[PDB]
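# just dropping in an experimental structure and the matching sequence.
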Amino acid sequence: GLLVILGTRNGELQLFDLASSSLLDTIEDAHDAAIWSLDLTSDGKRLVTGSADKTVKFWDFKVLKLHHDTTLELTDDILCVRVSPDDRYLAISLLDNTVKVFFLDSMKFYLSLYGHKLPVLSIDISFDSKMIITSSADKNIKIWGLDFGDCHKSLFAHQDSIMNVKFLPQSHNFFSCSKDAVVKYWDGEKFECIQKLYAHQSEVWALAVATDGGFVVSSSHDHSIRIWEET
Amino acid sequence: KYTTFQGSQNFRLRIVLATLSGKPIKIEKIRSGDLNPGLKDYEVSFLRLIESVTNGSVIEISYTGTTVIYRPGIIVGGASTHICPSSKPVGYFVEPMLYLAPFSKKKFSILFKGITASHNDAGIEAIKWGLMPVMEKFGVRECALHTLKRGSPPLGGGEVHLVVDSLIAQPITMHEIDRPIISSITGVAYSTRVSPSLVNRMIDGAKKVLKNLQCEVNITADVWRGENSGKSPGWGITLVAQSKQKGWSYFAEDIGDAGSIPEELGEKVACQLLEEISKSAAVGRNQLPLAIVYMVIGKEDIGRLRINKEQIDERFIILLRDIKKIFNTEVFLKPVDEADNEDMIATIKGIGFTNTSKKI
Amino acid sequence: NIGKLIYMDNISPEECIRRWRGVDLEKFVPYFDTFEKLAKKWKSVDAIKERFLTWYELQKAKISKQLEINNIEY
RNA sequence: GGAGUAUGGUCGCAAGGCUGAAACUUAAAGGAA
């Protein structure tokens, strides 16, 4: 249906539909403070939202309107929440140097992570739920193995602070985007800098990956959207 | 080649009981109904272990691999290093040698290298607290089991060091006709290459179950790090109830799974502890074949042991039918007089057993 | 009796317990039930709460007491 | 009885590798240089 879902610094969750005019439905007062994350499941009947209200709320795609099943009462300033594409694992970043990975079905607190010294700015996990990447403002990437809750390798890169990281759905090869205006391409097995991009020169705020093709979309502070087609 | 056993069942038990008796055995038709019939790799690897500790033993394998001939030699021992194959953990190999430990010509200083835990076989803490205290009740005083490096599946790389220095002439004649009263619940919760917050969260599963019990609950958090923490990550807990009066210990264990909840596993083993205790009398179900043997190979005298019918399964009878085919010792079973429970006293005239090998 | 039901070889050990009520030893941990069945069983610990809380003639008595404990047994 | 020295015994004490160090070579910062 080409439906679009967005989040604000106001505690609200407004959607945009392309065949119609702009607004069909708006959630208002979903949270009190700013929300910071929004993840989509494989189906789409439930979304997960993470906010500065120390709350994580699920949102039920009723047919088309939204309601909540449960809320999650936490203690920290939630930044990114991501669900597994295998629909099993739900990772949550906090204000602390902690990543909590929850089971999807009953929220059993499967896992916790330590040792990062600065809060996690984006969480990824693989297509098959094997590797976790939790990039944070502490100038490094810590690649966590998802089987036993350990890391395989930490990785200092991207001088300023690392905003967004996303994966390739084919294999363990990922990108990295950061405030120091560099985009880098990595191995999930060799752990080496493959290809290093410098093109758009301000702070890289956003990143997205084509789900089959492999073109790379990045955003700047200075208003540039760069598309990197794979040869 | 005179006593013949059928099937690969209790294979490491049958090599032990032939070795102490000195009666030659021939175990034929091992896994004959398989697409890969015959022995496995580790069963061959275990036969290399008996050769290394006993000089004079003759071991013959037929070229179909299903028939194993073993004329036992005397227990020499000494110090050596056995490599454990990655199929079975090192606890599959520590457990038979404790039957051979107090009788060797020299000290057992045997170094084991490999994976140190699994689902089936005994962990290191299962032996250091569950089996070695059974040993001391029969008079094996200076017995130990040290941990150098701890491993975990699938790569392992862990090392234990079996050191047994008490070399006694026979196990003493045990009389335990009283169900021991549990004084404290001890335990070890270990973890390798993973987050140290698991171990306290493991214990929180265990202390959640036991809060209705009034005895001491203490679990030593054993967090491993560094090079002596083995290759592959993993964790596990081992819980031990004990009796202050005579030193009897009851235990249960399990390890972590590929994706397991550490709150559940700390809750699970404490349930498996109390389930084991509820079926128990003076031993555990996994400590009972170590003690059944030590009444048999104890000296020419009646021992007594208060055991429970819940322990008596199909597995327990196959233990008593391996002894009668070797040592020809009927195990008399009498009811107890306590009408609240179905305990029975297992009375065994021990076969008159010595040390062939120890020097004077 | 359980013992004369044990020492026969025509009986299977499956049948031995079925005669008594009316598995390989290679694995070390004996067969339990599932944690689903055990956690519901072990909500209460009240079933198991029953179990909690001259030198010469001395050493010659280690033999003499060992003698008549054979004799009352036989 | 005291003083002193020696001491392969029993018991206790302790060491080194910059810290930060999570299992990973890992930031901000500090220490030494």
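Perfect, I can see it now. Numbering: from 1, shown residues only, chains lettered A, B, ... in the order given.
# next secondary structure after the longest strand seen in chain A?
Among the segments of chain A that qualify as a strand by DSSP state E, the longest is strand A:55-62. Sequence order places strand A:65-67 as the next helix or strand after strand A:55-62, per DSSP states H and E.
# could you find the closest non-adjacent residue to residue B:54?
residue B:73 (4.4 Å; CB to CB, 6 or more residues apart in numbering or on different chains). Using the backbone N, CA and C atoms, a C-beta is placed for each residue, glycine as well.
# repeat for residue A:147
Per CB to CB, 6+ apart, closest to residue A:147 is residue B:258, 5.8 Å.
# neighbours around the one you found, how many?
8 (other CB atoms under 10 Å in any protein chain shown).
# returning to that earlier point: residues in contact with the residue nearest to residue B:54?
Listed by CB atoms under 8 Å, 6 or more residues apart in numbering or on different chains, the contact set of residue B:73 reads B:54, B:55, B:56, B:57, B:58.
# please name the nearest non-neighbouring residue to the third one.
Spelled out, that is residue B:56. residue B:73 (2.8 Å).
# how close does the one you found get to chain C?
Applying CB to the nearest CB, to the nearest Å, the value for residue B:73 to chain C is 24 Å.
# with residue A:16 instead?
On the measure of CB to the nearest CB, residue A:16 and chain C end up 46 Å apart.
# how about the helices in the stretch 201-350 of chain B?
B:262-278, B:288-296, B:314-323 (DSSP state H, counting those that start in this stretch).
# save those helices as a markdown table, and put in distance to residue B:251 and mean neighbour count too.
Listed next are the helices of the stretch 201-350 of chain B as a markdown table, based on distance: least, CB to CB, whole Å; neighbours: other CB atoms under 10 Å in any protein chain shown:
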| stretch | distance to residue B:251 | mean neighbour count |
| --- | --- | --- |
| helix B:262-278 | 7 | 23 |
| helix B:288-296 | 12 | 23 |
| helix B:314-323 | 18 | 20 |
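# just put the ones you listed in JSON lines and tack on distance to RNA strand D.
As requested, those are arranged in JSON lines below (distance: least, CB to the nearest atom of the strand, whole Å):
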{"stretch": "helix B:262-278", "distance to RNA strand D": "13"}
{"stretch": "helix B:288-296", "distance to RNA strand D": "29"}
{"stretch": "helix B:314-323", "distance to RNA strand D": "39"}
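# including distance to residue B:252, could those go into a markdown table?
Listed next are the helices of the stretch 201-350 of chain B as a markdown table, based on distance: least, CB to CB, whole Å:
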| stretch | distance to residue B:252 |
| --- | --- |
| helix B:262-278 | 4 |
| helix B:288-296 | 14 |
| helix B:314-323 | 16 |
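# of all these, which lies closest to chain A?
With CB to the nearest CB as the measure, helix B:262-278 is the member of the helices of the stretch 201-350 of chain B nearest chain A (7.4 Å).
# how far off centre is the closest one?
20 Å (CA atoms, centre = their mean, to the nearest Å).
# same check, this time on stretch B:68-76
With CA atoms, centre = their mean, you get 21 Å for stretch B:68-76.
# what's the answer for stretch B:251-266, then?
So, by CA atoms, centre = their mean, the centroid of stretch B:251-266 is 21 Å from its chain's centroid.
# contacts (any at all) between chain A and stretch C:29-36?
No: Stretch C:29-36 lies out of reach of chain A by CB under 8 Å from any CB of the partner chain, never closer than 14.2 Å.
# tell me which other helices or strands the helix or strand containing residue B:51 touches.
Assessed by DSSP H and E, residue B:51 sits inside helix B:41-53. Judged by 3 or more CB pairs under 8 Å, 6 or more residues apart in numbering or on different chains; DSSP states H and E, helix B:41-53 is in contact with helix B:11-21, strand B:58-61, strand B:68-71, strand B:79-83, helix B:91-100.
# need the next SSE after that helix, C-terminal direction.
Next along the chain from helix B:41-53, counting by DSSP H and E, comes strand B:54-55.
# now the residue nearest to residue A:147. Its backbone dihedrals?
When read as degrees, to the nearest 10, the backbone of residue B:258 gives phi -70, psi 80.
# same deal with residue B:279?
phi -100, psi 0.
# ignoring the adjacent residues along the chain, who's closest to it?
Per CB to CB, 6+ apart, closest to residue B:279 is residue B:310, 3.7 Å.
# which residues does that neighbour contact?
So residue B:310 contacts B:278, B:279, B:280 (CB under 8 Å, 6+ apart).
# please identify which of the residues you listed is nearest to residue C:2.
Using CB to CB, residue B:279 comes nearest to residue C:2 of the contacts of residue B:310, at 16.1 Å.
# neighbours of that closest one, how many?
17.
# I figured residue B:44 was touching residue B:61, is that so?
Yes: Residue B:44 lies in contact with residue B:61 (CB atoms under 8 Å); the separation is 7.4 Å.
# now the contacts of residue B:73 as JSON lines including neighbour count?
Shown next, in JSON lines, are the contacts of residue B:73 (neighbours: other CB atoms under 10 Å in any protein chain shown):
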{"residue": "B:54", "neighbour count": "20"}
{"residue": "B:55", "neighbour count": "14"}
{"residue": "B:56", "neighbour count": "11"}
{"residue": "B:57", "neighbour count": "21"}
{"residue": "B:58", "neighbour count": "12"}
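# pull the most distant pair out of the residues you listed.
B:55 and B:58 (11.1 Å).
# residues contacting the closest residue to chain A within the stretch 1-150 of chain B?
Closest residue of the stretch 1-150 of chain B to chain A, CB to the nearest CB: residue B:117 (13.8 Å). Taking CB under 8 Å, 6+ apart, we find residue B:117 in contact with B:89, B:91, B:123, B:124, B:151, B:152, B:153, B:234, B:236, B:255.
# for residue B:218, which residues are in contact?
Counted by CB under 8 Å, 6+ apart, residue B:218 has contacts B:184, B:185, B:186, B:187.
# looking at those, state which has the most neighbours.
residue B:187 (29 neighbours).
# just want the angle from the strand or helix carrying it to helix B:262-278.
Using DSSP H and E, residue B:187 sits in strand B:184-192. The directions of strand B:184-192 and helix B:262-278 differ by 140 degrees, with axes from the mean of the first three to the mean of the last three CA atoms, to 10 degrees as the criterion.
# what lies in contact with strand B:184-192?
B:125, B:129, B:150-152, B:198-199, B:202-203, B:206, B:210, B:213, B:215-224, B:229-230, B:232-242, B:244, B:256, B:266, B:273.
# try stretch C:54-71
B:173, B:175, B:301, B:302, B:304.
# what about residue A:175, which SS state?
strand (DSSP: H, G, I helix; E, B strand; the rest coil).
# ok, longest helix in chain C?
helix C:55-71 (DSSP state H).
# mind jotting down where the helices sit in chain C?
So, for chain C - with DSSP H - the helices run C:3-6, C:13-21, C:35-41, C:55-71.
# so can I have JSON lines of those helices showing mean neighbour count?
Output for the helices of chain C, formatted as JSON lines (neighbours: other CB under 10 Å):
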{"stretch": "helix C:3-6", "mean neighbour count": "14"}
{"stretch": "helix C:13-21", "mean neighbour count": "14"}
{"stretch": "helix C:35-41", "mean neighbour count": "13"}
{"stretch": "helix C:55-71", "mean neighbour count": "10"}
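# out of those helices, which gets nearest to residue A:34?
helix C:35-41 (41.8 Å).
# that closest one near chain B anywhere?
Yes: applying CB under 8 Å from any CB, one finds helix C:35-41 in contact with chain B at C:35, C:38, C:39, C:41.
# which of the contacts of strand B:184-192 are buried?
B:125, B:129, B:150-152, B:198-199, B:202-203, B:206, B:210, B:213, B:217, B:219, B:222-224, B:229-230, B:232-242, B:256, B:266, B:273 (16 or more other CB atoms under 10 Å in any protein chain shown).
# with that, I have no additional questions.
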